[PDB]
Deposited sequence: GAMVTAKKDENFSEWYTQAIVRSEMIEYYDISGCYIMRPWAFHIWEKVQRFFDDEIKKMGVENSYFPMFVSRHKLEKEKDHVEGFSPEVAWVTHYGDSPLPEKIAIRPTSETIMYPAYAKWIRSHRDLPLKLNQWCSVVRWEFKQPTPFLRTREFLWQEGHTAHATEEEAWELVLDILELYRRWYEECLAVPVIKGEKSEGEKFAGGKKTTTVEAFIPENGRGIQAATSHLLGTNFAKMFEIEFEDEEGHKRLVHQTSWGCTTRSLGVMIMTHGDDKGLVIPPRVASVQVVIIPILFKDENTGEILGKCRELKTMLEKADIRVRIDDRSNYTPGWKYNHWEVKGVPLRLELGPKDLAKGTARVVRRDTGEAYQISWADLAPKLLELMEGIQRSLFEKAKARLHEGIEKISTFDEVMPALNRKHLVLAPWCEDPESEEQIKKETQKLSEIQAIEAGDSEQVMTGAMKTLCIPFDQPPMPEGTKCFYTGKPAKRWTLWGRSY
């Protein structure tokens, strides 16, 4: 036995640790800020990787592999780990482990691009990167080493590069919403939060109700011609004039797994959406001592064969030395979306008993109907997980008009949607003021408190003219989404 015992709504940090440890998703490691990704989590990564990989291939993006090292000269042209020695011997100049690969890839782009016939150039890589913050890590969400993909494209015009930025952002919306059943908000980052050196940064943002925090889920940047100028990346049109290329950068990490875990989990542990579950259906035979155990197990194998013909991912837990109750809890903790139970009474009726992980509802299904009924049940579970999560997202955002509605909203663990003048100085003033007010409240009470922009959403509600900015009183420009954050 091993059950989750912290409650998700009472001690959220302990609950999250129990849910990912007791389900065997992660293991700790002697170097702080790094975690081991065990197969139960890694299978989910492989599934979303396959999804995204297939979609970018349809766009003409190709995979590649660039070195993990970058020279001091190129990098600084900051949370970076430096290699200064090979064995006993001092490197003649220190080299960094990649935090991101713009400065690794771009010198090569400048060599490869000569003519408009070389554009567009579209590359991606799957690798890990290192960002060495000396603050406390969170499994999946903030770690010193993490797996990601990063794509990098170059175009003859700004408009084509922007079109690609938005197409990729839509793929990230599908990664979260269609595979992981996590609702996200598309938007533009503020000038203070956009990618250093870029022109415009787009994002999809997620929300964690139990601590009130927004979290950036993935990112797609219009670099414009800024990096082209730094690295001298130019092409000749068909008339022979040299022009800078226009570039994009975009990435998504194993952070997505953590967001999925927090979104769907419950007091019993993980709940994995059917579309990414490596086991969608666990078959548990009931194995009384005084029964025809061979016949029961034979029928479980037949059912498995039948379900796999419909591309359902099935595992039979025929372990003799554990009870069905033990098995129920074991696969509940691991988040398997459907359990199928089969005992001598079911065999006698030609049915199976099926229990859905999200709600506990049980069904009796004839064997003839099993494959289509289970297909529709998984699609219902997927949809239900998304819709419930989406309603929590919408309950979690307060539309406000002025600044002293902020702290009450933040104390409800909500995000705020507010008209903003988008002046860069005001974002830093707001972060400092909300941090300060959070400190005072902590002292009245017996993990940063600051509120920052999460994004300026693509979906703008009506902006009546004359609407003033909630903090400066200046004319508002757009509705901006703010909250505490990761």
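- Missing C-alpha coordinates mark the following deposited-sequence intervals, in order: 78-86, 456-460.
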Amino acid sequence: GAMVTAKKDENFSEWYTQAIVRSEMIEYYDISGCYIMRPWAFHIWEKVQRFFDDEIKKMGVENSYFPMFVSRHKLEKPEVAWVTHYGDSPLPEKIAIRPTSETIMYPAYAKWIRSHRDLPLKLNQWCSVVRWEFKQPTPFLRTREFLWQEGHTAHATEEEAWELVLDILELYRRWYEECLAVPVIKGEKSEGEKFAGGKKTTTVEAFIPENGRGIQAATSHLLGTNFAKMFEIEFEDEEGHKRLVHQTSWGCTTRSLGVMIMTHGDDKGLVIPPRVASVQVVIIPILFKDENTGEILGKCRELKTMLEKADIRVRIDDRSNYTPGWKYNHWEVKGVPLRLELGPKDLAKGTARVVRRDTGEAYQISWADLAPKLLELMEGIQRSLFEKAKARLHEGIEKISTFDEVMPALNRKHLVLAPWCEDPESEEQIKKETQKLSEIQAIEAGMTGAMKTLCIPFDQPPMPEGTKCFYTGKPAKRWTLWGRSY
From here on, numbers count along this sequence of modelled residues.
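Basically, rigid core = biggest C-alpha set you can superpose within 1.5 Å across the two forms.
- Here the rigid core sets the fit, and in 9 other deposited structures of this protein the C-alphas of 342-350 stray farther than those of the other stretch, out of 342-350 and 396-404.
- Between 141-149 and 183-191, greater CA displacement relative to the shown form is found for 141-149 when the structures in 9 other deposited structures of this protein are fitted on the core.
- The records show that residue 60 is included in the coordinate set of every other eligible entry of this protein, so it is not omitted in a third of them.
- Not even a third of the other compared entries skip residue 210; each one keeps it along with the residues on either side.
- The mean C-alpha temperature factor is higher for 195-203 when 195-203 and 257-265 are set side by side.
- Between 380-388 and 285-293, the higher mean Cα B-factor belongs to 285-293.
- Taking the PDB entry at face value, the top CA B factor among 63, 441, 49, 453 belongs to 441.
- Per the PDB record, 242 has a higher Cα B-factor than any other of 356, 142, 353, 242.
- Ranked within its chain, residue 420 lands in the highest third, by CA B factor from the PDB record.
- Per-chain ranking of the deposited C-alpha B factor places residue 109 in the lowest third.
- Among all modelled residues in this chain, the alpha-carbon of residue 12 has a temperature factor (C-alpha) in the middle third.
- Placement of the Cα temperature factor of residue 26 within the chain: lowest third of the modelled residues, per the deposited record.
- In the PDB entry, residue 98 places in the lowest third of its chain by CA B-factor.
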